[PDB]
């Protein structure tokens, strides 16, 4: 099971484009599932996501207006129950304890959130908290210099691998995080 974790595409009145390199890479992968944190540019973004994987999941973002978008979603992949939400609702923002409360609320092994516009992989108390950052490196009050980012998860049962992709200084960088 290969899962593309992406989100935070658009900010109102600010134009952002997904880097072509990310698109070229994403277009050929055998990506089974897409978990999107929300904040889509519009229908164009959804069309793109539909091309990447058979199964696409999108939660409601701060600026999302698409009808039928749930605030939270829970998907089971391998041995992991995955919780997904935009993360603007987690107050205080990005706080470990606040996120922990939501993870417990959703009763999931993995909690995926965006909002911060900073990609982060963290394991706390045997639970995993993942943020893929902004795919387009969109403006955020929270971060001075956001960079385009996304995550690819390789899950085989209880084995979790995170591929953190970021575009820094015009050159793509990738880091691998292993969890058992």
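Positions refer to the first chain, counted from 1.
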* As stated in the PDB record, which stretch has the larger average Cα B-factor, 110 to 118 or 29 to 37? -> 29 to 37
* Asked: Where do the C-alpha atoms have the higher mean temperature factor in this entry, in 62 to 70 or in 134 to 142?
  -> 62 to 70
* Asked: Checking the entry, which one of 75, 90, 85, 100 has the top C-alpha B factor?
  -> 75
* **Top Cα B factor in the deposited entry, candidates 6, 1, 174, 177** => 1
* Where the record places residue 126 (Cα B-factor, split into thirds across the chain) -> middle
* Comparing against every modelled residue in the chain, figure out the third that the C-alpha B-factor of residue 16 lands in (lowest, middle or highest). => highest
* Could you look up the Cα B-factor of residue 56 in the entry and say which third of the chain it sits in: lowest, middle or highest? => middle
* Structure fact -> On the chain's distribution of Cα B-factors, residue 153 falls within the third called lowest
* residue 24 - which third its CA temperature factor falls in, relative to the rest of the chain -> middle
